[PDB]
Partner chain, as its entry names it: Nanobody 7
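Quick heads-up: it's one chain on its own, the form deposited without its partner chain, in structure tokens.
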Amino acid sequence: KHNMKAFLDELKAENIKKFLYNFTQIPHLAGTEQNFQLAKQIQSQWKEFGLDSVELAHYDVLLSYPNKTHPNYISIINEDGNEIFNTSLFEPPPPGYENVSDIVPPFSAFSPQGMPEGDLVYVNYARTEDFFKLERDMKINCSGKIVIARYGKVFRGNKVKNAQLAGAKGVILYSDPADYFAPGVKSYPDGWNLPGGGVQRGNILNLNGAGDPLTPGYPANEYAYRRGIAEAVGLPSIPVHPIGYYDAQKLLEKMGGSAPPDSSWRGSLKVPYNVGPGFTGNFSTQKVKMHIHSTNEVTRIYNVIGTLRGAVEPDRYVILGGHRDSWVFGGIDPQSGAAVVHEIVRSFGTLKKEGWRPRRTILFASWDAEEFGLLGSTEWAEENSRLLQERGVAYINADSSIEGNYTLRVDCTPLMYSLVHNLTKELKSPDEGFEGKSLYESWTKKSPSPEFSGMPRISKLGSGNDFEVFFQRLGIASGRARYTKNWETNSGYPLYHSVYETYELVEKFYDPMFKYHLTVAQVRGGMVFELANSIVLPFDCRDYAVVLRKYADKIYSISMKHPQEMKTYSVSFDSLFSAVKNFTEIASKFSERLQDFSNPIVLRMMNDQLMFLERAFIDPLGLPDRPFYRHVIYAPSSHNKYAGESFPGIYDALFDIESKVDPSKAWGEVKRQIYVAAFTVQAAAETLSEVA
């Protein structure tokens, strides 16, 4: 039989292992020849595997690279202008890779050039609340200072935006052992921890879903009109550079000024974690100098797009996509995901060769330039937005398959919750101590839902990955799954975006039997299989009703911290709860009809109502000042692009509202967002009513 079981059984751990090794021998940095060559290899193999069509879709987008002959570094300088300490120019390469060419040295992609010199301020994680603490409580002024921040907690682009708004003239990012060195584990190559010379690369843009900085709204094709750099979206205005903790210790150890305000500001280095500004008495005339000479350059990038045409609904697309570009070797990020995609394509193709086809079209994507701001997926979705809008059933992401070996992690739209529960009950757990048990059982035991007994935790979609354009801009039901660590005995994984993130890292420490990779291939591949083949789309609208009520309770509880203002300005959540109540009623009735209808028009009408339900949460006017975040229920947090926020329009209107100098105007805007949200929830509900 050609059924999900056939598809699943054909997936092999050893294949995924072979593909991961194959993809991680040399760096595949976006816009380089090596990553174009990998694209052509993947294109060829997907054709060999049996896909109907496999094309490259290329764009010319703004990328950023260090200058090979003018290296980036940071100094402590003395009064005579002698640079008495310099940060490293590269990470010591790991065993056996010491002769590998083209390893990009650590840098912050899209930093402007500059050589600012000044006094340091330490800002903890550079989060919104860290700057509140500095400015409001500690009375420390960052204006004209170089800020040093530890990586962790939030997306590094938000840190830079926060430092810029505080008036900083530069930012130094560093990896603190508190956040990147698990106690009792050895650093690479002897364990999975970050060595003192290791450094996290990464872009520092604030694109808010725009895609290529020069072409917001439109694909960066051969005739595209480009904004001038001064009008580009999301570039930082101050120099930024990342360092490791050996180098950070040399920068922090001399810090004077104010003590850290409390223990949450202290990392693990043997330094006082003084906030500054500047150095203690004897060193008070020394300064910090950055030297950044990276350049932004419009560069060609290549997505691979594979199509497996549907037998019955070829105009309905289920998309499995993940990136291919990496900072260096991409042992975890993204090649552990890309190897799983490759095996999934291979398995679907085996079935296709035996005469099978999925009901709906499956599209497979290898995205480029994800690490530079989700550029490849976003340009392609801009090019194809009309097809995606009217035909996109779902998008399943496929970045890093593992960040740990403890349990599953799933983030998805509520419309997929029931699909994911059902699938994981039919998969075997690969966990020690759960042999013969389902993945659902092990996952539920290791990661219980905070709200329901006997259910697992499933998180909201945030961002920082290639689903953002499909979900938050276009309103296509989206999901992701991977294996993760125990968050209660441990900040991602330590070697993230370092030269040390290699094939050996995965093979030796994360997943030597490739059983977690295989489990992840079964979950992603199985979701795609069900989405593409189920007669009725496997979305349960009733799960959206439950979460909408949870999010309405949550946003109301935030507002209710301000009872006097709610009285004064007549701020009511009645309309939103009314909309949520109606959504619950209409969804329940729709579910009954879905169960209770041989009629393919009624089916397809009902599948269309299912497919367009996520779409109904899109507001074509976008959220305030973020026109590419159009989904009214979910947006990336304005304080941390990685985290999802629910009812983001209302959340941001209420955020720090007590500090707004015109409360009438601020509360007016809260009420406006309540209206927009109530209206959108009711409008989405009405898409599930009888159509005439």
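Positions refer to the first chain, counted from 1.
- Deposited sequence between residue 490 and residue 491: 1 to 3 residues lack coordinates.
- Per the record, residue 85 and residue 86 are directly connected, as no deposited residue between them is missing from the model.
- Stretches compared: 226-234, 465-473. Higher mean C-alpha B-factor in the entry: 226-234.
- Per the PDB record, of the two stretches 217-225 and 130-138, 130-138 carries the greater mean B-factor over its C-alpha atoms.
- Ranking 158, 582, 208, 249 by Cα temperature factor from the entry places 249 first.
- Taking the deposited Cα B-factors for 534, 384, 296, 264, the highest one is held by 264.
- Ranked within its chain, residue 380 lands in the lowest third, by CA B factor from the PDB record.
- Remark: residue 450 belongs to the highest third of its chain, ranked by C-alpha B-factor as recorded.
- Among the modelled residues of its chain, residue 3 has a C-alpha B-factor that falls in the highest third, as given in the PDB entry.
- Sort the modelled residues of the chain by CA B factor and residue 413 lands in the lowest third.
- Per the deposited record, the Cα B-factor of residue 365 falls in the lowest third when ranked against the other modelled residues of its chain.
The discussion below concerns the form deposited with its partner chain bound, not included here.
- Of the listed positions (550, 508, 266, 589), a single one reaches within 4.5 angstroms of its partner chain by any non-hydrogen atom in the deposited complex, namely 550.
- The partner is absent here, but in the deposited complex a heavy atom of 567, alone among 139, 353, 270, 567, sits within 4.5 Å of its partner chain.
- Contact check for 33, 102 and 228: none of the three has a heavy atom within 4.5 Å of its partner chain in the deposited complex.
- Contact with its partner chain in the deposited complex, defined as any heavy atom within 4.5 Å, is confined among 146-154, 329-337, 576-584, 401-409 to 576-584.
- Contact check for residue 435: every heavy atom lies farther than 4.5 Å from its partner chain in the deposited complex.
- Residue contact with its partner chain in the deposited complex: residue 451 places a heavy atom within 4.5 Å of it.
- In the deposited complex, its partner chain lies farther than 4.5 Å from every heavy atom of residue 183.
- When contacts are judged by a 4.5 Å heavy atom cut-off, residue 440 does not count as touching its partner chain in the deposited complex.
- Residues of 634-660 placing a heavy atom within 4.5 Å of its partner chain in the deposited complex: 658 alone.
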